[PDB]
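Note: the block below is run-v3.txt and it holds compact mmCIF, C-alpha atoms and all ligand atoms.
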```
# COMPACT_ATOMS: atom_id res chain seq x y z
CA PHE A 844 79.93 88.13 92.19
CA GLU A 845 78.34 84.79 91.12
CA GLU A 846 80.33 81.52 91.22
CA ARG A 847 78.88 80.24 87.88
CA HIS A 848 80.68 83.08 86.09
CA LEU A 849 84.22 82.32 87.33
CA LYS A 850 86.22 80.64 84.59
CA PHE A 851 89.31 78.78 85.90
CA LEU A 852 92.57 79.77 84.15
CA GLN A 853 95.36 78.48 86.36
CA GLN A 854 96.48 77.73 89.86
CA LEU A 855 98.65 80.42 91.43
CA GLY A 856 99.52 78.54 94.66
CA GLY A 861 93.91 77.65 101.39
CA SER A 862 94.72 78.02 97.64
CA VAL A 863 94.79 80.88 95.12
CA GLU A 864 93.69 80.66 91.47
CA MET A 865 93.60 82.90 88.43
CA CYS A 866 90.06 83.29 87.10
CA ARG A 867 88.06 85.29 84.64
CA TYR A 868 84.83 86.87 85.93
CA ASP A 869 82.79 86.88 82.71
CA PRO A 870 79.03 87.09 83.25
CA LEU A 871 78.53 88.09 79.57
CA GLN A 872 79.76 84.59 78.48
CA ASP A 873 81.79 86.56 75.91
CA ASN A 874 85.38 86.62 77.33
CA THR A 875 85.28 90.40 78.00
CA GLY A 876 85.42 89.94 81.74
CA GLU A 877 88.47 90.90 83.71
CA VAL A 878 91.03 88.49 85.18
CA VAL A 879 90.94 88.29 89.00
CA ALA A 880 92.67 86.43 91.77
CA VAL A 881 90.50 84.11 93.84
CA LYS A 882 91.34 82.80 97.34
CA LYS A 883 89.56 79.92 99.07
CA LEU A 884 90.23 77.21 101.66
CA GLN A 885 91.98 73.89 100.82
CA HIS A 886 90.41 71.78 103.62
CA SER A 887 88.36 74.09 105.84
CA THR A 888 87.11 74.02 109.45
CA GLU A 889 84.93 76.50 111.41
CA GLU A 890 87.91 78.17 113.20
CA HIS A 891 89.78 78.18 109.83
CA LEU A 892 86.60 79.68 108.32
CA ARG A 893 86.16 82.21 111.17
CA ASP A 894 89.65 83.63 110.56
CA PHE A 895 89.10 83.72 106.82
CA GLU A 896 86.01 85.93 107.30
CA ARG A 897 88.09 88.47 109.26
CA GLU A 898 90.86 88.64 106.64
CA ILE A 899 88.12 89.50 104.14
CA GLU A 900 86.74 92.29 106.37
CA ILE A 901 90.34 93.42 106.93
CA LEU A 902 91.16 93.69 103.26
CA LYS A 903 87.80 95.39 102.45
CA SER A 904 88.72 97.97 105.11
CA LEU A 905 92.01 98.74 103.34
CA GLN A 906 92.25 101.23 100.47
CA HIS A 907 95.88 101.91 99.45
CA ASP A 908 98.35 101.92 96.50
CA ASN A 909 100.70 99.31 97.88
CA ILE A 910 97.95 97.00 99.11
CA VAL A 911 96.18 94.61 96.74
CA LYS A 912 92.62 95.78 95.96
CA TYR A 913 89.61 93.92 97.42
CA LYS A 914 87.05 93.31 94.66
CA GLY A 915 84.45 91.24 96.49
CA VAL A 916 83.39 87.81 97.78
CA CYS A 917 81.22 84.93 96.51
CA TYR A 918 79.29 81.98 98.03
CA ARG A 923 78.28 78.78 101.83
CA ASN A 924 81.62 78.08 99.96
CA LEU A 925 83.40 81.35 100.71
CA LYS A 926 85.78 82.78 98.10
CA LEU A 927 87.76 86.03 98.24
CA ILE A 928 88.10 87.93 94.95
CA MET A 929 90.83 90.48 94.39
CA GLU A 930 92.60 92.30 91.59
CA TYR A 931 95.05 90.14 89.66
CA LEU A 932 98.61 91.44 89.80
CA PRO A 933 100.31 90.04 86.69
CA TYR A 934 104.00 89.57 87.73
CA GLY A 935 103.50 87.51 90.90
CA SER A 936 105.46 87.44 94.14
CA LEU A 937 108.38 89.79 94.54
CA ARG A 938 110.33 86.79 95.80
CA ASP A 939 110.05 85.09 92.42
CA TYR A 940 110.23 88.21 90.22
CA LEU A 941 113.65 89.05 91.75
CA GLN A 942 114.87 85.54 90.96
CA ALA A 943 113.55 85.88 87.44
CA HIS A 944 114.64 89.38 86.52
CA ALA A 945 117.63 90.19 88.75
CA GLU A 946 119.56 91.43 85.71
CA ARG A 947 117.34 94.57 85.51
CA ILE A 948 116.67 95.21 89.17
CA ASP A 949 119.36 97.50 90.54
CA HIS A 950 119.77 98.83 94.08
CA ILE A 951 117.71 101.94 93.30
CA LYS A 952 114.96 99.58 92.21
CA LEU A 953 115.23 97.51 95.40
CA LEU A 954 114.93 100.76 97.38
CA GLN A 955 111.90 101.72 95.26
CA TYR A 956 110.12 98.55 96.37
CA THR A 957 111.46 98.97 99.92
CA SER A 958 109.89 102.40 100.11
CA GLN A 959 106.55 101.21 98.76
CA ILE A 960 106.39 98.35 101.29
CA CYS A 961 107.02 100.91 104.08
CA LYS A 962 104.21 103.16 102.91
CA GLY A 963 101.85 100.19 102.83
CA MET A 964 102.91 99.19 106.34
CA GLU A 965 102.55 102.77 107.54
CA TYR A 966 98.94 102.83 106.39
CA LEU A 967 98.29 99.46 107.95
CA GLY A 968 99.56 100.87 111.23
CA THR A 969 97.01 103.69 111.15
CA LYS A 970 94.29 101.07 111.27
CA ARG A 971 95.98 99.31 114.17
CA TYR A 972 96.51 96.21 112.03
CA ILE A 973 99.47 93.91 112.60
CA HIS A 974 100.49 91.90 109.52
CA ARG A 975 102.57 89.05 111.13
CA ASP A 976 103.86 87.48 107.88
CA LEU A 977 105.77 90.24 106.18
CA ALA A 978 108.16 88.53 103.72
CA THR A 979 108.97 88.97 100.02
CA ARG A 980 106.75 86.02 99.13
CA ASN A 981 103.73 87.99 100.31
CA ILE A 982 104.54 90.95 98.11
CA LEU A 983 103.03 90.99 94.63
CA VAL A 984 104.36 92.88 91.61
CA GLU A 985 101.76 94.99 89.78
CA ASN A 986 104.37 96.15 87.32
CA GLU A 987 108.05 96.96 86.98
CA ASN A 988 107.71 100.18 89.04
CA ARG A 989 105.17 99.02 91.62
CA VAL A 990 104.67 96.37 94.28
CA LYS A 991 101.83 95.73 96.73
CA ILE A 992 101.34 93.82 99.96
CA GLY A 993 99.49 90.80 98.69
CA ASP A 994 98.34 88.61 101.58
CA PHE A 995 96.69 89.32 104.92
CA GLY A 996 95.97 85.78 106.11
CA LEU A 997 97.66 86.20 109.50
CA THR A 998 96.87 89.89 110.02
CA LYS A 999 95.42 90.86 113.42
CA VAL A 1000 93.63 93.84 114.94
CA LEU A 1001 95.26 95.47 117.95
CA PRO A 1002 93.00 95.70 121.02
CA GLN A 1003 91.65 99.20 121.74
CA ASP A 1004 93.66 99.39 124.97
CA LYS A 1005 96.89 97.46 124.13
CA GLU A 1006 99.80 97.96 121.67
CA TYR A 1007 100.41 94.24 121.02
CA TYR A 1008 98.35 91.21 120.12
CA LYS A 1009 99.09 87.89 121.78
CA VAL A 1010 98.60 84.76 119.67
CA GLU A 1015 103.67 76.46 111.86
CA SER A 1016 105.26 79.92 111.98
CA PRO A 1017 107.87 81.74 109.89
CA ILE A 1018 110.28 81.68 112.80
CA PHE A 1019 113.21 83.04 110.79
CA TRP A 1020 111.25 86.24 110.16
CA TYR A 1021 109.99 86.64 113.78
CA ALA A 1022 111.13 89.01 116.48
CA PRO A 1023 112.43 87.58 119.77
CA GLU A 1024 109.33 88.67 121.68
CA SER A 1025 107.14 86.92 119.08
CA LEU A 1026 109.23 83.83 119.56
CA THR A 1027 109.42 84.02 123.38
CA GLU A 1028 106.12 85.59 124.40
CA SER A 1029 103.96 85.21 121.25
CA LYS A 1030 103.53 89.05 121.20
CA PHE A 1031 102.95 90.77 117.85
CA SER A 1032 103.04 94.53 117.32
CA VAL A 1033 104.07 97.29 114.90
CA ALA A 1034 107.55 96.82 116.32
CA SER A 1035 107.46 93.08 115.33
CA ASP A 1036 106.33 93.93 111.78
CA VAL A 1037 109.34 96.34 111.68
CA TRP A 1038 111.72 93.53 112.65
CA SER A 1039 110.28 91.43 109.83
CA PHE A 1040 110.57 94.39 107.49
CA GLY A 1041 114.27 94.28 108.28
CA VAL A 1042 114.31 90.68 107.07
CA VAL A 1043 112.41 91.69 103.94
CA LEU A 1044 115.07 94.35 103.24
CA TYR A 1045 117.72 91.72 103.72
CA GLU A 1046 115.90 89.40 101.28
CA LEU A 1047 115.74 92.11 98.66
CA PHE A 1048 119.49 92.78 98.90
CA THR A 1049 120.35 89.10 98.66
CA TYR A 1050 118.39 88.91 95.40
CA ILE A 1051 116.88 85.75 96.89
CA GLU A 1052 120.11 83.85 96.11
CA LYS A 1053 119.32 80.45 97.56
CA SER A 1054 122.08 79.83 100.18
CA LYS A 1055 121.52 83.36 101.52
CA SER A 1056 117.91 83.02 102.57
CA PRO A 1057 117.10 83.78 106.24
CA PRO A 1058 116.40 80.13 107.03
CA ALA A 1059 119.64 79.01 105.36
CA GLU A 1060 121.76 81.66 107.10
CA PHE A 1061 120.19 81.06 110.51
CA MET A 1062 120.56 77.32 110.18
CA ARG A 1063 124.20 77.89 109.18
CA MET A 1064 124.72 79.98 112.34
CA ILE A 1065 122.81 77.69 114.69
CA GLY A 1066 124.41 74.57 113.27
CA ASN A 1067 122.75 72.43 110.58
CA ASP A 1068 122.70 69.36 112.90
CA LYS A 1069 119.94 70.96 115.05
CA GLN A 1070 116.43 69.54 114.73
CA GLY A 1071 112.77 70.35 115.24
CA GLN A 1072 111.95 71.71 118.66
CA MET A 1073 115.51 72.74 119.47
CA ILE A 1074 115.89 75.02 116.47
CA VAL A 1075 113.56 77.61 117.94
CA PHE A 1076 115.33 77.53 121.33
CA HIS A 1077 118.71 77.96 119.66
CA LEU A 1078 117.39 80.66 117.35
CA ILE A 1079 116.10 82.53 120.39
CA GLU A 1080 119.49 82.16 122.11
CA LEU A 1081 121.34 83.35 119.02
CA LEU A 1082 119.23 86.50 118.81
CA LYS A 1083 119.55 86.99 122.60
CA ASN A 1084 123.34 87.12 122.08
CA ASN A 1085 123.06 89.55 119.15
CA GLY A 1086 123.62 87.03 116.38
CA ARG A 1087 122.22 88.51 113.18
CA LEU A 1088 121.90 87.87 109.48
CA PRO A 1089 125.10 89.12 107.86
CA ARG A 1090 125.44 92.03 105.45
CA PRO A 1091 124.62 90.79 101.95
CA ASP A 1092 127.29 91.14 99.26
CA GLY A 1093 127.00 94.50 97.57
CA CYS A 1094 124.80 95.85 100.33
CA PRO A 1095 126.00 99.34 101.27
CA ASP A 1096 126.64 99.76 105.01
CA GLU A 1097 124.10 102.51 105.40
CA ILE A 1098 121.45 100.09 104.17
CA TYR A 1099 122.60 97.26 106.40
CA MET A 1100 122.42 99.73 109.31
CA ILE A 1101 118.70 100.04 108.67
CA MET A 1102 118.42 96.28 108.85
CA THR A 1103 120.29 96.06 112.13
CA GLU A 1104 118.28 98.91 113.60
CA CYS A 1105 115.07 97.07 112.77
CA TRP A 1106 116.59 93.98 114.44
CA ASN A 1107 116.90 95.56 117.87
CA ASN A 1108 116.18 93.32 120.88
CA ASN A 1109 114.54 96.36 122.48
CA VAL A 1110 111.02 96.73 121.09
CA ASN A 1111 110.68 100.48 121.66
CA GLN A 1112 114.02 101.38 120.11
CA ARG A 1113 112.96 99.99 116.72
CA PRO A 1114 112.19 102.66 114.09
CA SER A 1115 108.76 103.64 112.83
CA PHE A 1116 107.64 102.83 109.29
CA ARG A 1117 107.51 106.60 108.72
CA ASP A 1118 111.15 107.10 109.75
CA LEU A 1119 112.19 104.20 107.53
CA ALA A 1120 110.34 105.45 104.44
CA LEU A 1121 112.14 108.77 104.70
CA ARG A 1122 115.60 107.36 105.34
CA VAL A 1123 115.08 104.98 102.40
CA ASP A 1124 113.80 107.68 100.01
CA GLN A 1125 116.64 109.96 101.13
CA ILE A 1126 119.24 107.23 100.51
CA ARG A 1127 117.62 106.54 97.12
CA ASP A 1128 118.06 110.22 96.08
CA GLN A 1129 121.79 110.07 96.74
CA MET A 1130 122.36 107.25 94.22
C1 LIG B 1201 99.63 82.38 95.41
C2 LIG B 1201 99.79 83.68 94.66
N1 LIG B 1201 100.81 83.57 93.61
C3 LIG B 1201 100.68 84.40 92.49
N2 LIG B 1201 99.82 85.43 92.49
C4 LIG B 1201 99.77 86.16 91.38
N3 LIG B 1201 98.88 87.26 91.32
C5 LIG B 1201 98.03 87.71 92.29
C6 LIG B 1201 97.76 87.13 93.51
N4 LIG B 1201 96.84 87.98 94.08
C7 LIG B 1201 96.23 87.82 95.38
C8 LIG B 1201 96.58 89.01 93.22
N5 LIG B 1201 97.29 88.87 92.12
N6 LIG B 1201 100.51 85.90 90.30
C9 LIG B 1201 101.36 84.88 90.35
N7 LIG B 1201 102.18 84.58 89.22
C10 LIG B 1201 101.48 84.97 87.98
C11 LIG B 1201 102.07 84.40 86.69
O1 LIG B 1201 102.40 83.00 86.80
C12 LIG B 1201 103.21 82.70 87.95
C13 LIG B 1201 102.59 83.17 89.26
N8 LIG B 1201 101.46 84.12 91.46
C14 LIG B 1201 100.21 84.74 95.63
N9 LIG B 1201 99.21 85.26 96.35
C15 LIG B 1201 99.59 86.22 97.19
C16 LIG B 1201 100.90 86.63 97.29
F1 LIG B 1201 101.24 87.60 98.14
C17 LIG B 1201 101.86 86.02 96.51
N10 LIG B 1201 101.52 85.05 95.66
```

Render the structure in this file as structure tokens.
Ligand SMILES: C[C@H](Nc1nc(Nc2cn(C)cn2)nc(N2CCOCC2)n1)c1ncc(F)cn1
Amino acid sequence: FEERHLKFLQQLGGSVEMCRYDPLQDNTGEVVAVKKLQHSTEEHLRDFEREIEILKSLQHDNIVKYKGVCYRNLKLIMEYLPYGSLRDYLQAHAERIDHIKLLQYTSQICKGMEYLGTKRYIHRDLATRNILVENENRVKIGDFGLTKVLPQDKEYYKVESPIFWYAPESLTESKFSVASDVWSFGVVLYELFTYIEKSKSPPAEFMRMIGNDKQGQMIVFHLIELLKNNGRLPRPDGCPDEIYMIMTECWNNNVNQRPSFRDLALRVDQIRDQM
């Protein structure tokens, strides 16, 4: 890939843009997503080079496809998924997404996380805003900017954070693992069943439970205390109990008692059948 052949189309949201790669100067080229760094350092560049190796190493249906790189001024080039983040697509098109559909996505996210696990990768930022929509019947995990490799001899990796998606051990000991990704997956499942209604977001709920007066450094302490005492996001309206039970099982204070992404996929698919 050569940087003189990228035609800028629009900003998507380190930044991400929509580009055309068109070396034939003839508009035939395909549309691709391009990631780069907003204001970059050497440590911020070092991490970015790993992410790129990480994504190149991944080949899966529910994981956005690595296309290449281009320079120097490093840019990551990937396939362009036309419907954007699942977070926004649900806000846009709630009227056609039913619970079977939410479970369809849910199952696909699992499968992607399962595969990630087989490479000993920990994602660390699993939330609906990092899930892209390829089309109406398929979603993919769309960002790996915080993803880490597990050591050969350990089952966790020690490291502004998405605290309202984090497991207690991530909050208290900075430990990330497959079990922490599963916790976050619980939050993702909650998101999906709230249809991203605004007052029902994990930050809004948690703040509501902590107290909205609380500020800055204290919030994390109080969030940790809340989870310690089994405070949890409530069941979303219209969420069947059996589905909430999966959420609460993911949100177990005990790391080892949390389910595997394989167990979850099955229980989800099974539940989907029955509707
Ligand atoms: C910032 C970007 N936002 C984005 N990306 C894509 N597509 C995309 C990103 N990547 C990496 C691949 N395809 N499409 C949109 N829509 C498209 C239509 O107009 C509104 C925004 N937004 C994005 N990147 C990763 C992610 F997980 C979620 N969001």

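Nearest residue to residue A:1065 among A:1019, A:851, A:966, A:934 is A:1019, counting only C-alpha atoms.
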
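Here the question is which of A:972, A:1031, A:956, A:913 gets nearest to residue A:1008 using only C-alpha atoms, and that residue is A:1031.
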
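Each residue with an atom within 6 Å of any atom of ligand LIG 1201 (chain B) appears in the list, which was built counting all atoms listed in the file: residues 855, 856, 863, 880, 930, 931, 932, 933, 934, 935, 936, 980, 981, 982, 983, 993 and 994 of chain A.
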
Around (92.6, 93.2, 106.6) in the file's own coordinates, what residues are found within 9 Å if you use all atoms listed in the file, given back as a PDB file with C-alpha atoms, keeping the file's coordinate frame?
```pdb
ATOM      1  CA  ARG A 897      88.090  88.470 109.260  1.00  0.00           C
ATOM      2  CA  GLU A 898      90.860  88.640 106.640  1.00  0.00           C
ATOM      3  CA  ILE A 899      88.120  89.500 104.140  1.00  0.00           C
ATOM      4  CA  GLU A 900      86.740  92.290 106.370  1.00  0.00           C
ATOM      5  CA  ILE A 901      90.340  93.420 106.930  1.00  0.00           C
ATOM      6  CA  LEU A 902      91.160  93.690 103.260  1.00  0.00           C
ATOM      7  CA  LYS A 903      87.800  95.390 102.450  1.00  0.00           C
ATOM      8  CA  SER A 904      88.720  97.970 105.110  1.00  0.00           C
ATOM      9  CA  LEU A 905      92.010  98.740 103.340  1.00  0.00           C
ATOM     10  CA  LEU A 967      98.290  99.460 107.950  1.00  0.00           C
ATOM     11  CA  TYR A 972      96.510  96.210 112.030  1.00  0.00           C
ATOM     12  CA  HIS A 974     100.490  91.900 109.520  1.00  0.00           C
ATOM     13  CA  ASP A 994      98.340  88.610 101.580  1.00  0.00           C
ATOM     14  CA  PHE A 995      96.690  89.320 104.920  1.00  0.00           C
ATOM     15  CA  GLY A 996      95.970  85.780 106.110  1.00  0.00           C
ATOM     16  CA  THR A 998      96.870  89.890 110.020  1.00  0.00           C
ATOM     17  CA  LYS A 999      95.420  90.860 113.420  1.00  0.00           C
ATOM     18  CA  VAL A1000      93.630  93.840 114.940  1.00  0.00           C
TER      19      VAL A1000
END
```

Which residue gives the smallest distance to residue A:957 among A:1032, A:1111, A:1070, A:988, with all atoms listed in the file counted?
A:988

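Nearest to residue A:1023 of all the residues A:873, A:1080, A:976, A:965 is A:1080, counting all atoms listed in the file.
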
Neighbours of residue A:853 within 12 Å (all atoms listed in the file; same-chain residues fewer than 3 positions away dropped), as a PyMOL selection string?
chain A and resi 849-850+856+862-867+878-881

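A straight line drawn from atom CA of residue A:938 to atom CA of residue A:1016 is 18.3 Å long.
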
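Here atom CA of residue A:861 is placed at a distance of 13.5 Å from atom CA of residue A:889.
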
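Considering the residues A:1020, A:1076, A:868, A:1048 and counting only C-alpha atoms, residue A:848 has its shortest atom-to-atom contact with A:868.
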